[PDB]
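Novice: Provided herewith is a single structure, encoded as structure tokens, for subsequent inquiry.
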Amino acid sequence: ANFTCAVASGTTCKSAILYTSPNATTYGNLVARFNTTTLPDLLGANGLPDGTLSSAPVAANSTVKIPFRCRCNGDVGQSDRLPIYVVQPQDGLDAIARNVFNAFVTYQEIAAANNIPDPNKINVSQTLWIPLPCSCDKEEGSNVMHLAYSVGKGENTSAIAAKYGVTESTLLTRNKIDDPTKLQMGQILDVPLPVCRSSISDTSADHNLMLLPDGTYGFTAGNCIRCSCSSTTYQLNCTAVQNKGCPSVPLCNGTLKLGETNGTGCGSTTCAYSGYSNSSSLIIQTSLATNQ
Ligand SMILES: CC(=O)N[C@@H]1[C@@H](O)[C@H](O[C@@H]2O[C@H](CO)[C@@H](O[C@@H]3O[C@H](CO)[C@@H](O)[C@H](O)[C@H]3NC(C)=O)[C@H](O)[C@H]2NC(C)=O)[C@@H](CO)O[C@H]1O
């Protein structure tokens, strides 16, 4: 029982952990550690500039947002069979949870996830699925990107909620908090980040994956589309990337190209990204969006 999720089992989502690096590293090393995402999406998930190298620093005890695919079973959200940890010479399931994964999981959740019958015995070189806490669920019938937050000391629900642009209301109903007062340190919180709206269709492969809070960006459709989110509008801004193994992007009707707008204000209309499909070959779809 990590983060509650109530959507149909098998449903996948994009979620994240706010990861605290014990040691100094680089963004490149985080990518190798988690392998839940690509470097440019990790960079974009934190709002670093496009074309930043993997050697971008991560200071000791600094925090990096690490996106991953979440799978929901009946009741809870779990990171979808990633990340995969390889046991070193004298690891232990409890040390691994706490000192590698910030206590986002418990050793029991690890063992249960890998069918290990006595939490005390794991072999060198044994691989472990680490199921990070996540969802899935909507907030108020609005899409959100849940983020797993490890409460540092001196914090409170007021400050956190302002930090992420969330009402303190949703935080308390989503997280079981009797008396906020003083939040206990080390507590894991479900923080549903607001995200841009999109025109990405149900039928589309990336339908629940382009969930971008403010200031972040991401890539989709075999890296042929770039999507960015600003709170300025909260409408996903998509653009064609121009790798040249990439398919053409259709106009809307005729004459409106991706990102272009027709009309004036509020009643204006925009050629948006609505998804892609991959049977046979990569096809990108677009559709007119009304000003939201
Ligand atoms: C059909 C066949 O023989 N294919 C081989 C693959 O099975 C094998 O992949 C390895 O599989 C084992 C189990 O499939 C993996 O270990 C499992 O890992 C999950 C988390 O990843 C963990 O929860 C399971 O408990 C754990 N089970 C076991 C038995 O350890 C292991 O990670 C895979 N190794 C790699 C490198 O992918 C590959 C590897 O040789 O060979 C195929 O021929």
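Residues in the structure tokens are named by chain (A, B, ... in the order shown) and by number from 1 within that chain; ligands are numbered from 1 in the order shown.
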Within 8 Å of ligand 1, which residues show up when you count only C-alpha atoms and all ligand atoms? List them as a PyMOL selection string, please.

Specialist: chain A and resi 81-82+84-85+113-116+126-129

Novice: Please produce a file of the residues just selected, as an mmCIF file, in the first residue's frame, where the atoms kept are N, CA, C and O atoms.

Specialist:
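After the write, again22.cif holds the following:
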```cif
data_model
loop_
_atom_site.group_PDB
_atom_site.id
_atom_site.type_symbol
_atom_site.label_atom_id
_atom_site.label_comp_id
_atom_site.auth_asym_id
_atom_site.auth_seq_id
_atom_site.Cartn_x
_atom_site.Cartn_y
_atom_site.Cartn_z
ATOM 1 N N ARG A 81 7.816 -2.190 -13.552
ATOM 2 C CA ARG A 81 8.916 -3.160 -13.656
ATOM 3 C C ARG A 81 10.298 -2.527 -13.823
ATOM 4 O O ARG A 81 11.282 -3.211 -14.129
ATOM 5 N N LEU A 82 10.350 -1.212 -13.662
ATOM 6 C CA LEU A 82 11.594 -0.486 -13.557
ATOM 7 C C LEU A 82 11.431 0.314 -12.273
ATOM 8 O O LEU A 82 10.297 0.545 -11.849
ATOM 9 N N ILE A 84 15.427 -1.508 -12.149
ATOM 10 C CA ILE A 84 15.978 -2.806 -11.856
ATOM 11 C C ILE A 84 17.311 -2.644 -11.160
ATOM 12 O O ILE A 84 18.256 -2.091 -11.716
ATOM 13 N N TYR A 85 17.379 -3.147 -9.938
ATOM 14 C CA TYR A 85 18.592 -3.066 -9.154
ATOM 15 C C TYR A 85 19.337 -4.403 -9.161
ATOM 16 O O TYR A 85 18.730 -5.454 -8.991
ATOM 17 N N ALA A 113 7.579 -7.771 -4.280
ATOM 18 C CA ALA A 113 7.575 -7.498 -5.713
ATOM 19 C C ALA A 113 8.399 -8.529 -6.505
ATOM 20 O O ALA A 113 8.118 -8.772 -7.685
ATOM 21 N N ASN A 114 9.399 -9.125 -5.850
ATOM 22 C CA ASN A 114 10.299 -10.098 -6.480
ATOM 23 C C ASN A 114 10.121 -11.529 -5.949
ATOM 24 O O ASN A 114 11.013 -12.372 -6.085
ATOM 25 N N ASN A 115 8.955 -11.790 -5.363
ATOM 26 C CA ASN A 115 8.591 -13.097 -4.818
ATOM 27 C C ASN A 115 9.624 -13.710 -3.872
ATOM 28 O O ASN A 115 9.730 -14.929 -3.767
ATOM 29 N N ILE A 116 10.389 -12.871 -3.188
ATOM 30 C CA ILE A 116 11.409 -13.344 -2.259
ATOM 31 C C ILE A 116 10.762 -13.699 -0.918
ATOM 32 O O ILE A 116 10.132 -12.854 -0.286
ATOM 33 N N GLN A 126 21.829 -10.791 -8.218
ATOM 34 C CA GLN A 126 20.393 -11.004 -8.366
ATOM 35 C C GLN A 126 19.717 -9.687 -8.760
ATOM 36 O O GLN A 126 20.076 -8.618 -8.270
ATOM 37 N N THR A 127 18.749 -9.745 -9.659
ATOM 38 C CA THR A 127 18.107 -8.519 -10.060
ATOM 39 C C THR A 127 16.773 -8.375 -9.375
ATOM 40 O O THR A 127 16.041 -9.346 -9.166
ATOM 41 N N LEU A 128 16.484 -7.124 -9.036
ATOM 42 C CA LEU A 128 15.348 -6.744 -8.223
ATOM 43 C C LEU A 128 14.583 -5.658 -8.916
ATOM 44 O O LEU A 128 15.123 -4.598 -9.228
ATOM 45 N N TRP A 129 13.320 -5.910 -9.168
ATOM 46 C CA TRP A 129 12.448 -4.825 -9.528
ATOM 47 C C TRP A 129 12.197 -3.947 -8.275
ATOM 48 O O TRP A 129 11.937 -4.448 -7.188
#
```

Novice: Find the residues around residue 170 in chain A up to 8 Å (only C-alpha atoms counted), leave out those fewer than 4 positions away in its own chain, and share them as a compact mmCIF listing (two decimals) with N, CA, C and O atoms, in the first residue's frame.

Specialist:
```txt
# COMPACT_ATOMS: atom_id res chain seq x y z
N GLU A 139 -7.05 14.10 -10.17
CA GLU A 139 -7.33 15.03 -9.11
C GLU A 139 -8.46 15.94 -9.60
O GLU A 139 -8.27 16.79 -10.47
N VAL A 166 -0.13 23.63 -5.59
CA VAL A 166 -1.26 22.78 -5.25
C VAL A 166 -2.03 23.34 -4.05
O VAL A 166 -1.42 23.89 -3.12
N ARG A 174 -5.43 13.36 -0.15
CA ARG A 174 -4.71 12.41 -0.98
C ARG A 174 -3.68 11.68 -0.13
O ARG A 174 -3.18 10.63 -0.52
```

Novice: Choose the residue, out of A:183, A:8, A:97, A:221, that has the smallest atom-to-atom separation from residue 206 in chain A; count only C-alpha atoms.

Specialist: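 Closest candidate: A:221.
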
Novice: Excluding residue 132 in chain A and residues on its chain fewer than 5 positions from it, collect all residues at most 8 Å away from it, counting only C-alpha atoms, and give them as a PDB file with C-alpha atoms, in the first residue's frame.

Specialist:
```
ATOM      1  CA  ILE A  17       9.930  10.673  -7.512  1.00  0.00           C
ATOM      2  CA  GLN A  78       3.725   0.826  -8.949  1.00  0.00           C
ATOM      3  CA  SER A  79       6.593   1.792 -11.218  1.00  0.00           C
ATOM      4  CA  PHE A 104      10.441   5.396  -1.259  1.00  0.00           C
ATOM      5  CA  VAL A 105       9.894   1.641  -0.878  1.00  0.00           C
TER       6      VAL A 105
END
```

Novice: Considering only C-alpha atoms, give me a table of residues in range 148-216 of chain A that are at most 12 Å from range 34-41 of chain A, with the closest atom pair and distance in Å for each, as JSON lines.

Specialist:
```
{"residue": "A:209", "atom": "CA", "partner": "A:37", "partner_atom": "CA", "distance": 11.5}
{"residue": "A:210", "atom": "CA", "partner": "A:41", "partner_atom": "CA", "distance": 10.9}
{"residue": "A:211", "atom": "CA", "partner": "A:41", "partner_atom": "CA", "distance": 11.9}
{"residue": "A:212", "atom": "CA", "partner": "A:41", "partner_atom": "CA", "distance": 10.7}
{"residue": "A:216", "atom": "CA", "partner": "A:41", "partner_atom": "CA", "distance": 9.3}
```

Novice: Go ahead and write the selection's residues with N, CA and C atoms as a PDB file, in the first residue's frame.

Specialist:
```pdb
ATOM      1  N   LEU A 209       1.035   9.727 -20.875  1.00  0.00           N
ATOM      2  CA  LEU A 209       2.456   9.918 -20.624  1.00  0.00           C
ATOM      3  C   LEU A 209       2.905  11.369 -20.789  1.00  0.00           C
ATOM      4  N   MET A 210       2.214  12.146 -21.609  1.00  0.00           N
ATOM      5  CA  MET A 210       2.557  13.557 -21.727  1.00  0.00           C
ATOM      6  C   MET A 210       1.873  14.361 -20.627  1.00  0.00           C
ATOM      7  N   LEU A 211       2.360  14.180 -19.404  1.00  0.00           N
ATOM      8  CA  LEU A 211       1.858  14.894 -18.247  1.00  0.00           C
ATOM      9  C   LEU A 211       3.019  15.727 -17.762  1.00  0.00           C
ATOM     10  N   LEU A 212       2.987  17.012 -18.104  1.00  0.00           N
ATOM     11  CA  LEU A 212       4.092  17.895 -17.821  1.00  0.00           C
ATOM     12  C   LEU A 212       3.637  19.039 -16.938  1.00  0.00           C
ATOM     13  N   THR A 216       8.435  22.432 -17.295  1.00  0.00           N
ATOM     14  CA  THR A 216       9.092  21.220 -17.797  1.00  0.00           C
ATOM     15  C   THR A 216       8.779  20.953 -19.263  1.00  0.00           C
TER      16      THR A 216
END
```

Novice: Please identify the helix (DSSP H, G or I) residues within range 12-199 of chain A (assignment by DSSP from backbone atoms) and present them as a VMD selection string.

Specialist: chain A and resid 27 to 34 39 to 45 93 to 100 107 to 113 157 to 164 168 to 175

Novice: Would you pick out the contacts of residue 144 in chain A at 10 Å or less, using only C-alpha atoms, so that residues sharing its chain but fewer than 5 positions from it are not included, and give the list as a ChimeraX atom specification?

Specialist: /A:14-15,135-139,191-197,208,211-213

Novice: Please dump the current selection as an mmCIF file, in the first residue's frame; keep N, CA and C atoms.

Specialist:
```
data_model
loop_
_atom_site.group_PDB
_atom_site.id
_atom_site.type_symbol
_atom_site.label_atom_id
_atom_site.label_comp_id
_atom_site.auth_asym_id
_atom_site.auth_seq_id
_atom_site.Cartn_x
_atom_site.Cartn_y
_atom_site.Cartn_z
ATOM 1 N N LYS A 14 2.373 8.250 -16.222
ATOM 2 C CA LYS A 14 3.672 8.832 -16.035
ATOM 3 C C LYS A 14 3.651 9.466 -14.669
ATOM 4 N N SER A 15 4.589 9.104 -13.828
ATOM 5 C CA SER A 15 4.715 9.645 -12.477
ATOM 6 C C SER A 15 6.177 9.965 -12.206
ATOM 7 N N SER A 135 0.778 6.689 -8.964
ATOM 8 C CA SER A 135 -0.613 6.653 -9.366
ATOM 9 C C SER A 135 -0.382 7.487 -10.601
ATOM 10 N N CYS A 136 -1.189 7.712 -11.617
ATOM 11 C CA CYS A 136 -2.499 7.197 -11.906
ATOM 12 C C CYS A 136 -3.778 7.982 -11.731
ATOM 13 N N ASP A 137 -4.270 8.099 -10.533
ATOM 14 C CA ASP A 137 -5.510 8.803 -10.317
ATOM 15 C C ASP A 137 -5.526 10.224 -10.683
ATOM 16 N N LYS A 138 -6.706 10.667 -11.053
ATOM 17 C CA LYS A 138 -6.979 12.043 -11.318
ATOM 18 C C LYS A 138 -7.218 12.811 -10.060
ATOM 19 N N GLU A 139 -7.050 14.102 -10.175
ATOM 20 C CA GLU A 139 -7.330 15.034 -9.113
ATOM 21 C C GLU A 139 -8.464 15.938 -9.601
ATOM 22 N N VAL A 191 2.097 13.898 -4.122
ATOM 23 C CA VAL A 191 1.880 15.308 -4.506
ATOM 24 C C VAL A 191 1.408 15.427 -5.969
ATOM 25 N N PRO A 192 0.096 15.606 -6.186
ATOM 26 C CA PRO A 192 -0.401 15.622 -7.566
ATOM 27 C C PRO A 192 -0.146 16.955 -8.258
ATOM 28 N N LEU A 193 0.957 17.048 -8.997
ATOM 29 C CA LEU A 193 1.312 18.270 -9.716
ATOM 30 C C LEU A 193 0.306 18.550 -10.807
ATOM 31 N N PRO A 194 -0.234 19.774 -10.839
ATOM 32 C CA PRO A 194 -1.000 20.198 -12.016
ATOM 33 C C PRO A 194 -0.148 20.151 -13.286
ATOM 34 N N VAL A 195 -0.780 19.861 -14.418
ATOM 35 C CA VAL A 195 -0.097 19.717 -15.694
ATOM 36 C C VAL A 195 -0.879 20.422 -16.808
ATOM 37 N N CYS A 196 -0.219 20.703 -17.934
ATOM 38 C CA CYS A 196 -0.881 21.314 -19.089
ATOM 39 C C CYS A 196 -1.967 20.403 -19.644
ATOM 40 N N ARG A 197 -3.019 20.990 -20.206
ATOM 41 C CA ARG A 197 -4.018 20.229 -20.954
ATOM 42 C C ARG A 197 -3.432 19.956 -22.304
ATOM 43 N N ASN A 208 -1.376 8.844 -21.689
ATOM 44 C CA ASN A 208 -1.235 9.177 -20.280
ATOM 45 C C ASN A 208 0.184 9.489 -19.884
ATOM 46 N N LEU A 211 2.360 14.180 -19.404
ATOM 47 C CA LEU A 211 1.858 14.894 -18.247
ATOM 48 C C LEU A 211 3.019 15.727 -17.762
ATOM 49 N N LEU A 212 2.987 17.012 -18.104
ATOM 50 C CA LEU A 212 4.092 17.895 -17.821
ATOM 51 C C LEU A 212 3.637 19.039 -16.938
ATOM 52 N N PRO A 213 4.173 19.112 -15.710
ATOM 53 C CA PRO A 213 3.898 20.299 -14.889
ATOM 54 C C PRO A 213 4.597 21.536 -15.444
#
```

Novice: Please build the interface table for range 214-287 of chain A against range 49-71 of chain A with a cut-off of 12 Å, listing for each qualifying residue the nearest atom pair and the distance in Å to one decimal; count only C-alpha atoms, order rows by chain and increasing number, and write it as CSV.

Specialist:
```
residue,atom,partner,partner_atom,distance
A:215,CA,A:49,CA,10.9
A:216,CA,A:49,CA,9.9
A:217,CA,A:50,CA,9.5
A:218,CA,A:50,CA,10.1
A:219,CA,A:50,CA,10.9
A:226,CA,A:50,CA,10.4
A:227,CA,A:50,CA,12.0
A:228,CA,A:50,CA,11.4
A:241,CA,A:50,CA,11.5
```

Novice: Of the candidates A:286, A:230, A:46, A:12, which one gets nearest to residue 27 in chain A if we count only C-alpha atoms?

Specialist: A:46

Novice: How far is it from CA of residue 271 in chain A to CA of residue 222 in chain A, in Å with one decimal?

Specialist: 20.1 Å

Novice: When you look at residue 94 in chain A with a cut-off of 8 Å (counting only C-alpha atoms), what residues show up, excluding the ones that are within fewer than 2 positions of it in the same chain? I need them as number ranges by chain.

Specialist: A: 92, 96-98, 106-107

Novice: Taking N, CA and C atoms for each residue, export the selection above as a CSV table (one decimal), in the first residue's frame.

Specialist:
```
chain,number,residue,atom,x,y,z
A,92,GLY,N,21.7,-5.5,1.3
A,92,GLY,CA,20.6,-6.1,2.1
A,92,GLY,C,19.3,-5.4,1.6
A,96,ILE,N,19.2,-1.3,0.8
A,96,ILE,CA,18.9,-0.9,-0.6
A,96,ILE,C,17.7,0.0,-0.7
A,97,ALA,N,16.7,-0.3,0.1
A,97,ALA,CA,15.5,0.6,0.1
A,97,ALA,C,15.9,2.0,0.6
A,98,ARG,N,16.6,2.1,1.7
A,98,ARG,CA,16.9,3.3,2.4
A,98,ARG,C,18.0,4.2,1.8
A,106,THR,N,9.7,0.0,0.9
A,106,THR,CA,10.1,-0.7,2.1
A,106,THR,C,10.7,-2.1,1.6
A,107,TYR,N,11.5,-2.7,2.5
A,107,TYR,CA,12.1,-4.0,2.1
A,107,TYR,C,11.1,-5.0,1.8
```
